[PDB]
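Undergrad:
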Amino acid sequence: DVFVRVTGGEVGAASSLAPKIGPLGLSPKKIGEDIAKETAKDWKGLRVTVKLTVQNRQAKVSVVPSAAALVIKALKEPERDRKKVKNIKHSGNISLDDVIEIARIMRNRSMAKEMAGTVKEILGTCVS
Amino acid sequence: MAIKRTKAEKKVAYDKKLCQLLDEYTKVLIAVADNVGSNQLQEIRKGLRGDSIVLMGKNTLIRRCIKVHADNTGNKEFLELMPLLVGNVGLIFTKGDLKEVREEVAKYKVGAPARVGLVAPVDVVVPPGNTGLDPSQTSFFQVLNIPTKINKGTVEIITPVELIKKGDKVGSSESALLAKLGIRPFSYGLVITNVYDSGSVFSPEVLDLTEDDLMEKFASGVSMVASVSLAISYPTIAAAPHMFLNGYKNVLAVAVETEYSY
RNA sequence: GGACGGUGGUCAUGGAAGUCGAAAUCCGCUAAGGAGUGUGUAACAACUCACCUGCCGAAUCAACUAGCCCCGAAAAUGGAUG
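Chain order of the listed sequences is LJ and Ls.
For the first sequence, the positions run 12 to 139 when the authors' numbering is used.
For the second sequence, the positions run 1 to 262 when the authors' numbering is used.
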């Protein structure tokens, strides 16, 4: 898996799409339109970690608001717990109601059946 | 499990849970995943998990004796033929019939590329035709005993053939070349060693369940009924038109060798 | 001989991303299936391994204590415990 990171709607940034290659495997501003036409949704906000696969003159990306990003978007909080496992530097206390509905979008991709099972993953991952 | 430290990690506790689980269900089947991957097992387990469910354990799995010691039967260590557990077995306890379970498990198996050094479960074959790969080390295919040539600037397999036979080990080189070809020969899932239901022990030859062979024997057996029905003249509904003609055919016939014209 | 997915683990930093350094070690989906044991490339690239299973079949491992021996142990005209 080869890491790019993005903020909603961006294109062409010299530090982020040049020394990580232009996906399409040649031609930045294929992927630079292709990510932007997908990831221009709501405003640029908190970052998603976004994932590249490269094929024979093709780019393709996995975003599925990458679980720390799903929590990031539900919270409205841009970082992660710093001084850990204990008592956050930012103020991001997730609701019970946030935690099921994120798990619901995760629930093909935690391979899932039950909610009260996929709630545990995300709760371990949201308090770590 | 997640409790990696010494605390149980059980003996008699899981065997007691396994105990009630045999006693709960009518049919118990003993099966092999060892061929199957981890996820691949979960997805077969998923189908079974809706209908009625299966457990793994070790020598605590041999304790088909304690359940039998609880009830009165013959699925155990003592009365059974030779206990059909093999290495890497689990137990599937169910509401589902044995024939149906065999079809469920055996009929839907998941394909899974072969492995180097694994014994082929079935004959492996390669098809003739262009690989679509440009010229390179075609020689590796020939080393494997796949005849090959360059045709139209592409590497092609000359003819179909069986690369390895069933029960024979797959060489490393062979596996690697088959994989490059994109060939996925092997079928994995839970293999059935045995089934118990209601005082009887069923082996995998039973469970793979013939079934066309009775359609021919039913049609023949019905033709045996039908035959008897035309010739005999015994007419409730089916048999009845076929008989009438037997007095006439025999007569129409009587005209053919002969020397009246009438 | 078995190890899917969340997820190219959060910090930090050219850089970890299992594998410089430091959170943190849960679970769905599971019969077994750790956010990993040592080998990698500037960095990107694979293989094994935790746990679990087979084959094998019977003792194993940990630890205290003690004896003798062994070691430390090189010198002068020629070898000995008389």
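Each residue gets a CB set at the ideal place from its N, CA and C atoms; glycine is no exception.
Write down the C-beta distance between Ls:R115 and Ls:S173 rounded to the nearest angstrom, noting that I regard them as a contact closer than 8 Å.
TA: No, Ls:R115 and Ls:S173 are not in contact; Cβ-Cβ is about 13 Å, not under 8 Å.
Undergrad: Sort Ls:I157, Ls:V124, Ls:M224 by Cα distance to Ls:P135 and report the nearest one.
TA: Checked all of Ls:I157, Ls:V124, Ls:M224; the closest Cα to Ls:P135 is Ls:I157.
Undergrad: Give me the Cα-Cα distance between LJ:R115 and LJ:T129, rounded to the nearest whole angstrom.
TA: 8 Å
Undergrad: Under 8 Å: do the segment 66-75 of chain Ls and the segment 85-93 of chain Ls share three or more Cβ pairs, one atom per stretch?
TA: no
Undergrad: What are the uninterrupted segments assigned as alpha helix (DSSP H) that are 4 or more residues long and contained completely in the segment 197-249 of chain Ls, given in chain order?
TA: 204-207, 212-232
Undergrad: So which of LJ:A51, LJ:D45, LJ:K84 has the shortest CA-CA distance to LJ:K71?
TA: LJ:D45
Undergrad: Taking the C-alpha atoms as reference points, what is the distance between Ls:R184 and LJ:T60?
TA: 34 Å
Undergrad: My guess is that Ls:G167 and Ls:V119 are in contact by the Cβ rule of under 8 Å, so how many angstroms apart are they, rounded?
TA: 6 Å
Undergrad: For the beta strand (DSSP E) holding LJ:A70, just list the boundary residues, first then last.
TA: That run of the beta strand (DSSP E) goes 69-73.
Undergrad: If we count the other Cβ atoms within 10 Å of its Cβ and call it buried at 16 or more, is Ls:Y196 buried or exposed?
TA: buried
Undergrad: DSSP state of Ls:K7, grouped into three classes?
TA: Three-state DSSP puts Ls:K7 in coil, outside helix and strand.
Undergrad: Using DSSP's beta-bridge definition, name the partner residues of Ls:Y188.
TA: Ls:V110
Undergrad: How is the alpha helix (DSSP H) around Ls:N39 delimited, first residue to last?
TA: 38-51
Undergrad: Take Ls:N35 as the anchor and find which of Ls:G199, Ls:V201, Ls:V110, Ls:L252 has the nearest alpha-carbon.
TA: Ls:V110
Undergrad: Beta-carbon within less than 8 Å of LJ:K100's beta-carbon, same chain only, minus the 5 sequence neighbours each way: which residues are those?
TA: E90, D92, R93, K94
Undergrad: I need the straight-line Cα distance from LJ:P39 to LJ:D12, nearest angstrom please.
TA: 18 Å
Undergrad: Give a yes or no on contact between the segment 113-127 of chain LJ and the segment 7-15 of chain Ls, applying the rule of three or more CB pairs nearer than 8 Å.
TA: no
Undergrad: Return the CA-CA distance between LJ:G23 and LJ:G43, expressed in angstroms with no decimal places.
TA: Distance between the alpha carbons of LJ:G23 and LJ:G43: 6 Å.
Undergrad: On the CB-based measure, 16 or more other CB atoms within 10 Å of its CB, does Ls:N75 come out buried or exposed?
TA: buried
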